[PDB]
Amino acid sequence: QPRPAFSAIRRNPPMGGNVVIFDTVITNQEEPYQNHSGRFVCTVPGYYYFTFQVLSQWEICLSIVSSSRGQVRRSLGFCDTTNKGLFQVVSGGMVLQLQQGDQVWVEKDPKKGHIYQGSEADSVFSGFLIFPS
């Protein structure tokens, strides 16, 4: 029986590109999430919940993006632009109906993409199947 569900956090992330990589896995049931690339891969078609809570100190815009057949499918954005140098958690989430092979990831805005790096607090990216289709 399918039990795809993951949570991954940031600690020693490989930097570069607009994809936010959550390098440190906390949970990865059925291993749908790739900690090297920051991508979730759909094996079981169905409806999934995806959500993030990401720590910034300056400006951050984030989007949950997906692909089907390699075609990028841009979506909703969520921003914190307080820009005072103090911890702010930006959050977002949505249900995604996914087909087999579909990929899901978090992208930052290139002009607004400060993510806290350090040990004081955490940024998290999670997802789970709601039901198969």
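Numbering starts at 1 and follows the sequence shown.
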Practice prompt. Mind pulling up the entry and telling me whether 86-94 or 103-111 has the higher mean Cα temperature factor?
Written response: 103-111
Worksheet item: Which is higher on average in the deposited entry, the C-alpha temperature factors of 77-85 or of 30-38?
Response: 30-38
Worksheet item: So among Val25, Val124, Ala121, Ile21, who wins on Cα B-factor in the entry?
Response: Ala121
Discussion item. Splitting the chain's C-alpha B-factors into thirds, which one does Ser68 fall into?
Written reply: highest
